[PDB]
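Single-letter residue listing:
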Amino acid sequence: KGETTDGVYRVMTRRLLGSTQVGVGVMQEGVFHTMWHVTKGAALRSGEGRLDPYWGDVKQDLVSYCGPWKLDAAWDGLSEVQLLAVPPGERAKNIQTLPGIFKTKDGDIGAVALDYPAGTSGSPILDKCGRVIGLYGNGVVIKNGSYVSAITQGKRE
Amino acid sequence: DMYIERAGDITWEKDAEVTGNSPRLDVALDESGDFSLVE
Ligand SMILES: O=C(Nc1cnn2c1CNCC2)c1cccc2ncccc12
(Lines give C-alpha, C1' and ligand atoms only; values in the text may rest on other atoms or scores of the structure.)
Protein backbone atom coordinates (compact mmCIF):
# COMPACT_ATOMS: atom_id res chain seq x y z
CA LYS A 1 0.00 0.00 0.00
CA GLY A 2 3.00 0.53 0.18
CA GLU A 3 6.51 0.81 -1.41
CA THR A 4 8.48 -2.23 -0.04
CA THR A 5 11.31 -2.34 -2.67
CA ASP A 6 14.83 -2.76 -1.17
CA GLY A 7 17.08 0.35 -1.28
CA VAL A 8 17.81 3.67 0.48
CA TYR A 9 14.96 6.11 1.31
CA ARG A 10 14.54 9.70 2.54
CA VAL A 11 12.63 10.30 5.81
CA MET A 12 10.62 13.53 5.44
CA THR A 13 8.38 15.67 7.68
CA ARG A 14 5.58 18.21 6.77
CA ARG A 15 5.45 19.30 10.49
CA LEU A 16 7.90 22.19 9.79
CA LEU A 17 8.19 24.78 6.94
CA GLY A 18 7.54 23.04 3.56
CA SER A 19 8.83 19.40 3.39
CA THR A 20 11.99 18.92 5.57
CA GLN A 21 14.36 15.88 5.38
CA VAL A 22 14.93 14.68 9.02
CA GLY A 23 16.95 11.60 7.92
CA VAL A 24 17.51 8.47 5.71
CA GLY A 25 17.00 4.67 6.09
CA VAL A 26 17.37 1.21 4.50
CA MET A 27 14.56 -1.03 3.22
CA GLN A 28 15.74 -4.71 3.33
CA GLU A 29 13.62 -7.90 3.35
CA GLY A 30 10.42 -5.86 4.13
CA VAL A 31 11.96 -4.04 7.16
CA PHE A 32 12.78 -0.31 7.32
CA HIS A 33 16.00 0.44 9.34
CA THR A 34 16.84 4.00 10.51
CA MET A 35 18.43 5.78 13.51
CA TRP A 36 16.19 6.32 16.60
CA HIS A 37 16.87 10.12 16.82
CA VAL A 38 15.42 10.53 13.23
CA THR A 39 11.83 9.23 14.04
CA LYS A 40 11.97 9.08 17.87
CA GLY A 41 9.99 5.81 17.36
CA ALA A 42 7.02 7.55 15.55
CA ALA A 43 5.06 5.72 12.78
CA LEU A 44 5.82 6.42 9.07
CA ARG A 45 3.71 6.76 5.92
CA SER A 46 4.73 5.13 2.58
CA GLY A 47 2.06 6.43 0.15
CA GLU A 48 -1.24 5.19 1.68
CA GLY A 49 0.74 2.48 3.60
CA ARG A 50 1.59 2.67 7.36
CA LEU A 51 4.96 1.50 8.81
CA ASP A 52 4.84 0.66 12.59
CA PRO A 53 7.97 0.60 14.82
CA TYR A 54 8.91 -3.03 15.76
CA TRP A 55 12.22 -2.76 17.65
CA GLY A 56 14.36 0.09 18.94
CA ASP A 57 16.99 1.22 21.44
CA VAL A 58 17.83 4.90 22.28
CA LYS A 59 21.34 3.84 23.36
CA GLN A 60 22.31 1.96 20.15
CA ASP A 61 20.32 4.84 18.45
CA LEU A 62 18.61 2.34 16.03
CA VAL A 63 14.99 1.41 15.15
CA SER A 64 13.35 -1.11 12.75
CA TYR A 65 9.83 -0.92 11.19
CA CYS A 66 7.54 -3.87 10.19
CA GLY A 67 10.00 -6.47 11.54
CA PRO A 68 13.22 -7.38 13.39
CA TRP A 69 16.57 -5.70 12.49
CA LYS A 70 17.82 -7.59 9.31
CA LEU A 71 21.32 -6.05 8.66
CA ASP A 72 24.19 -8.16 10.06
CA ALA A 73 27.21 -7.50 7.78
CA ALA A 74 30.30 -6.09 9.66
CA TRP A 75 33.34 -3.91 8.71
CA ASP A 76 36.30 -6.37 8.41
CA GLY A 77 38.61 -3.74 10.16
CA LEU A 78 40.94 -3.40 7.08
CA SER A 79 39.18 -2.44 3.78
CA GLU A 80 37.80 0.96 2.55
CA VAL A 81 33.92 1.34 2.65
CA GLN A 82 31.29 3.57 0.93
CA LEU A 83 28.97 5.98 2.67
CA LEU A 84 25.88 6.03 0.42
CA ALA A 85 25.12 9.65 1.58
CA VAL A 86 21.54 10.97 0.86
CA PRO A 87 21.85 14.69 1.83
CA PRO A 88 18.69 16.88 1.97
CA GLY A 89 17.49 18.06 -1.53
CA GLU A 90 20.54 16.35 -3.21
CA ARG A 91 20.97 13.05 -5.14
CA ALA A 92 22.21 9.82 -3.42
CA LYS A 93 26.06 9.82 -3.72
CA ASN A 94 28.68 7.07 -2.90
CA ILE A 95 31.82 8.31 -1.02
CA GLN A 96 34.70 5.87 -0.44
CA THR A 97 36.73 6.20 2.81
CA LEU A 98 38.97 4.12 5.13
CA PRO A 99 37.19 4.15 8.51
CA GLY A 100 39.00 5.21 11.68
CA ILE A 101 38.27 3.67 15.16
CA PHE A 102 36.16 4.68 18.15
CA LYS A 103 37.86 3.07 21.23
CA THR A 104 35.26 2.47 24.04
CA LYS A 105 35.48 0.61 27.40
CA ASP A 106 33.03 -1.93 25.75
CA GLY A 107 35.44 -2.19 22.77
CA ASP A 108 36.37 -0.81 19.32
CA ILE A 109 33.87 0.51 16.65
CA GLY A 110 34.50 1.58 13.00
CA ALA A 111 34.20 5.35 12.46
CA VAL A 112 33.73 7.38 9.19
CA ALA A 113 35.22 10.95 9.09
CA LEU A 114 32.75 12.53 6.58
CA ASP A 115 30.78 15.73 7.44
CA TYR A 116 27.14 16.03 6.19
CA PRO A 117 23.94 17.81 7.35
CA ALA A 118 22.17 16.09 10.34
CA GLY A 119 19.32 15.34 7.85
CA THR A 120 21.75 12.79 6.33
CA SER A 121 21.46 10.64 9.58
CA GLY A 122 20.52 7.02 8.66
CA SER A 123 22.56 6.90 5.42
CA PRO A 124 24.04 3.34 4.95
CA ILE A 125 27.70 2.28 4.96
CA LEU A 126 28.54 -0.55 2.49
CA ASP A 127 31.27 -3.22 2.02
CA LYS A 128 32.69 -4.03 -1.49
CA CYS A 129 29.95 -6.72 -1.84
CA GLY A 130 27.25 -3.98 -1.43
CA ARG A 131 26.22 -5.36 2.08
CA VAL A 132 25.10 -2.71 4.66
CA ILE A 133 27.64 -2.86 7.52
CA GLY A 134 26.00 0.03 9.48
CA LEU A 135 24.30 3.45 9.46
CA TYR A 136 25.82 6.99 9.64
CA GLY A 137 24.45 9.68 12.03
CA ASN A 138 25.66 8.86 15.62
CA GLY A 139 29.08 10.30 16.51
CA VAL A 140 31.10 13.26 17.80
CA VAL A 141 32.55 16.75 16.99
CA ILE A 142 36.42 16.72 17.12
CA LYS A 143 38.88 19.57 18.02
CA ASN A 144 38.81 20.52 14.26
CA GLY A 145 35.05 21.31 14.52
CA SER A 146 34.48 18.45 11.99
CA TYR A 147 32.22 15.40 12.48
CA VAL A 148 33.09 11.67 12.89
CA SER A 149 30.17 9.05 12.79
CA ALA A 150 30.19 5.54 14.39
CA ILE A 151 29.51 2.71 11.87
CA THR A 152 26.34 1.81 13.96
CA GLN A 153 25.12 -1.83 13.29
CA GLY A 154 22.22 -3.71 15.02
CA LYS A 155 21.94 -7.45 15.88
CA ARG A 156 20.00 -9.94 13.66
CA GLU A 157 18.11 -12.64 15.75
CA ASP B 1 3.77 13.09 10.46
CA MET B 2 6.78 11.49 8.72
CA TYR B 3 6.80 9.74 5.30
CA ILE B 4 9.41 7.93 3.22
CA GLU B 5 10.51 8.44 -0.49
CA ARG B 6 12.87 6.02 -2.37
CA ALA B 7 16.29 7.66 -3.17
CA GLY B 8 18.39 4.85 -4.76
CA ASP B 9 19.75 1.29 -4.83
CA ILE B 10 22.34 0.10 -2.32
CA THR B 11 25.31 -0.70 -4.63
CA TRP B 12 29.11 -0.30 -4.39
CA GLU B 13 30.11 2.17 -7.21
CA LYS B 14 33.60 1.71 -8.78
CA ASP B 15 35.48 5.06 -8.90
CA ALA B 16 33.43 7.03 -6.31
CA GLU B 17 35.06 10.20 -4.78
CA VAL B 18 37.65 8.81 -2.27
CA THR B 19 37.94 11.27 0.70
CA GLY B 20 38.05 11.75 4.52
CA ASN B 21 40.79 10.53 6.95
CA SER B 22 40.81 7.55 9.48
CA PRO B 23 41.31 8.85 13.07
CA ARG B 24 41.62 6.69 16.27
CA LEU B 25 39.48 8.49 18.95
CA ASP B 26 38.81 7.55 22.66
CA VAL B 27 34.99 7.94 23.09
CA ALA B 28 32.32 7.27 25.80
CA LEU B 29 28.67 6.32 25.05
CA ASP B 30 26.09 7.65 27.53
CA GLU B 31 22.64 6.23 28.34
CA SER B 32 20.96 8.81 25.99
CA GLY B 33 22.95 7.37 23.00
CA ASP B 34 25.35 10.41 22.77
CA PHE B 35 29.10 9.74 22.09
CA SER B 36 31.60 12.09 23.72
CA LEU B 37 35.42 12.53 23.67
CA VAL B 38 37.29 11.07 26.63
CA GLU B 39 40.52 13.17 26.63
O1 LIG C 1 21.54 15.18 14.99
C2 LIG C 1 22.67 14.75 15.22
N3 LIG C 1 22.90 13.73 16.08
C4 LIG C 1 21.98 13.33 17.07
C5 LIG C 1 20.76 13.93 17.36
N6 LIG C 1 20.16 13.27 18.34
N7 LIG C 1 20.99 12.23 18.70
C8 LIG C 1 22.10 12.26 17.93
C9 LIG C 1 23.17 11.23 18.12
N10 LIG C 1 22.99 10.57 19.41
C11 LIG C 1 21.61 10.10 19.63
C12 LIG C 1 20.66 11.27 19.74
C13 LIG C 1 23.85 15.37 14.54
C14 LIG C 1 24.35 16.53 15.05
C15 LIG C 1 25.44 17.19 14.45
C16 LIG C 1 26.01 16.68 13.32
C17 LIG C 1 25.53 15.49 12.74
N18 LIG C 1 26.16 15.03 11.61
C19 LIG C 1 25.69 13.91 11.08
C20 LIG C 1 24.61 13.18 11.61
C21 LIG C 1 23.98 13.62 12.74
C22 LIG C 1 24.43 14.81 13.36
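Residues numbered from 1 in each chain as written, not as in the entry; some residues may be left out. Chains lettered and ligands numbered in written order. Heavy atoms only, no water.

**Focus on the domain arrangement of chain A**
Residues and elements named next belong to chain A. Segmentation of chain A into domains returns domain 1 (7-65) and domain 2 (81-150). Between domain 1 and domain 2, the contact holds 17 residues from the first and 20 residues from the second. Applying the counting criterion to the domain 1 and domain 2 interface returns zero salt bridges. Inspection of the region where domain 1 meets domain 2 yields seven residue pairs in polar contact. Every element with two or more residues in the side of domain 1 that touches domain 2 is listed here: β1 (7-13), β2 (20-28), β3 (31-34) and α1 (36-39). (Domains from an automatic or database assignment. Contact = heavy atoms within 4.5 Å. Salt bridge = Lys/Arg side-chain N within 4 Å of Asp/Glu carboxyl O. Polar contact = N/O pair within 3.5 Å; in protein donor to acceptor, adjacent residues only side chain to side chain. Helix = DSSP H or I, 4+ residues; strand = E, 2+ residues; numbered from the N terminus.)

**Section: the interface of chain A and chain B**
Listed as interface residues are 59 residues of chain A and, on the opposing side, 34 residues of chain B. Taken over both partners, the interface formed by chain A and chain B buries close to 4100 Å², and the fraction arising from carbon and sulfur atoms is 60%. It is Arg45(A), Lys59(A) and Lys103(A) in chain A that bury the most area against chain B; as a group they hold 14% of the surface buried on that side. For the interface between chain A and chain B, the tally reads one salt bridge. Of the charged contacts, one joins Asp1(B) and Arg45(A) as a salt bridge, the two residues approaching to 3.7 Å between their closest N and O atoms. Linking chain A with chain B are 19 residue pairs in polar contact. Classifying every residue of the side of chain A that touches chain B gives 32 nonpolar, 15 polar and 12 charged. (Buried area = accessible area lost by both parts, 1.4 Å probe. Nonpolar A, V, L, I, M, F, W, Y, C, P; charged D, E, K, R; others polar.)

**Some words on the packing of aromatic side chains**
All names here are of chain A. Summed over all chains, the structure comprises six aromatic pairs over all chains. Here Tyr 9 and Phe 32 contribute two aromatic rings whose centre-to-centre distance is 6.1 Å and whose plane-to-plane angle is 80 degrees, an arrangement assigned as edge-to-face. Within this pair, whereas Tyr 9 is found in strand β1, its partner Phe 32 is found in strand β3, the two being separated by 23 residues in sequence. Of the two residues, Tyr 9 and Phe 32, both sit in the buried class. (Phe/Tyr/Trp six-rings, centres within 6.5 Å; stacked < 30°, edge-to-face > 60°. Buried < 20%, exposed > 50% of the residue type's maximum accessible area, 1.4 Å probe, protein only.)

**Points about the side chain of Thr120(A)**
Looking at the secondary structure, you find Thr120(A) in the loop between β11 (107-112) and β12 (124-126). Beyond its immediate chain neighbours, meaning those up to four positions away, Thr120(A) contacts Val24(A), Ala85(A), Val86(A), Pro87(A), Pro88(A) and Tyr136(A).

**What about the sheet that holds strand β9 (residues 93-97) of chain A?**
In a beta sheet, neighbouring strands pair by backbone hydrogen bonds and run either parallel or antiparallel. All names here are of chain A. Here we have four strands laid out as an open sheet, ordered β9-β8-β12-β13, and antiparallel in their pairing. Edge positions in the open sheet fall to β9 and β13 (132-135), since each of these has one partner strand only. Sheet twist, expressed as the mean angle between neighbouring strand axes with direction ignored, is 30 degrees. Bridging between strand β8 (residues 81-85) and β12 involves two bridges; their strand directions are antiparallel. (Pairing = 2+ DSSP bridges. Axes fitted to C-alpha atoms, helices over the stretch in contact; angles between N-to-C directions.)

**Remarks on the pairing of strand β7 (residues 62-65) of chain A**
Residue and element names in this part refer to chain A. Side chains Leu 62 and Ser 64 of β7 all project onto a buried face; the interleaved residues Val 63 and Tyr 65 project onto the opposite face, where all are buried too. The pairing of β3 with β7 spans three bridges and is classified as antiparallel. Pairing of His 33 across the sheet is with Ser 64, part of β7. Relative to β7, strand β6 (residues 53-57) runs antiparallel, the two sharing four bridges.

**So, the site of the ligand**
Close to the ligand lie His37(A), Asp61(A), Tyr116(A), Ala118(A), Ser121(A), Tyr136(A), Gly137(A), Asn138(A), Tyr147(A), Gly33(B) and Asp34(B), which account for all nearby residues. One chain alone does not account for the residues near the ligand; they come from chains A and B. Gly33(B) places a polar main-chain atom, nitrogen or oxygen, 2.7 Å from a nitrogen atom of the ligand. Here a nitrogen atom of the ligand and a side-chain polar atom of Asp34(B) are 2.8 Å apart. Protein burial of the ligand: of its 480 Å² of free accessible surface, 69% is covered by the chains. By residue class, the composition of the shell around the ligand is four nonpolar, five polar and two charged. (Near = heavy atom within 4 Å. Areas by Shrake-Rupley, 256 points an atom, 1.4 Å probe, with all protein chains shown as cover.)

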